[PDB]
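Remarks on the structure that follows.
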Amino acid sequence: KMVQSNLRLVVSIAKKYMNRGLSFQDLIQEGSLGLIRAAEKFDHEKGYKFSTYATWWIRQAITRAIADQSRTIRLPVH
DNA sequence: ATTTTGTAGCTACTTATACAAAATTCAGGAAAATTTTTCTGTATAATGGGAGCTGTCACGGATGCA
């Protein structure tokens with residue numbers, strides 16, 4: 001009831017990579033993945049909203065997808 | 001009348017054997033060394049996209065119908 005509760009914003013992020021590559025939907029997922037992870041690695045004790053932390057993990061997730069594939073010959077993401 | 005042919009012959013004399021360890025190298029292993037690939041985090045806040053295309057057909061359907 002939180003990961004989904006967010007939903008939007010992650011699409012505002014993923015959509016930035018919908019044109020970068022992969023696929024709007026493809027992205028969305030990826031984020032989602034992240035979303036999760038964040039969604040729980042996350043600590044309301046530091047107060048400031050997940051908007052300044054959830055979006056972190058997202059981004060991460062994503063990048064690791066158009067770089068992890070979307071190329072049909074995987075190269076050292078590094 | 002020597003010479004070539006001999007015969008009755010060996011001895012020297014040299015392959016032949018086979019082994020043989022000694023080389024002598026090679027391969028594989030093993031690391032170990034290290035280089036390259038992976039993995040993970042990131043704290044103000046951030047909360048719906050892109051596009052357009054716009055000139056046959058057919059048919060069977062067309063359910064849908066009024």
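A compact table of results
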read-out	value
Residue match in region A:38-55 (condition: β-branched (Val, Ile, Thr) and more than 7 Å from DNA strand B (Cβ to nearest atom))	no
Residue list for region A:39-72, filter: at positive phi and loosely packed, with under 14 Cβ neighbours inside 10 Å	A:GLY47
Close pairs (6 angstrom Cβ cut-off, 6 or more residues apart or separate chains): closer than 11 Å to A:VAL10 by Cβ in region A:35-60, of a type in the set (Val, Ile, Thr) and more than 8 Å from DNA strand B (Cβ to nearest atom) anywhere	A:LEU35/A:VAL3; A:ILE36/A:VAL3; A:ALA39/A:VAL3; A:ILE58/A:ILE13
Filter result (within 11 Å of DNA strand B (Cβ to nearest atom), free of Cβ contacts under 8 Å to residues at least 40 places away in the same chain and β-branched (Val, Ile, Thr)) within region A:2-34	A:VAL11, A:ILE28
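So that you can scan it fast, the table gives a plain yes or no per residue for (1) more than 10 Å from the chain's Cα centre (by Cα); (2) hydrophobic (A, V, I, L, M, F, W, C); (3) farther than 17 Å from A:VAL3 by Cα:
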site	(1), (2), (3)
A:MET18	yes, yes, yes
A:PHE24	yes, yes, yes
A:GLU30	no, no, no
A:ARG37	no, no, no
A:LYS49	yes, no, no
A:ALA54	no, yes, no
A:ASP68	yes, no, yes
A:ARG74	yes, no, yes
A:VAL77	yes, yes, yes
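Cβ atoms come from the backbone with ideal geometry, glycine included; neighbour counts cover every protein chain shown. Every number in this text was worked out from the coordinates using simple rules, so none of it is lab data.
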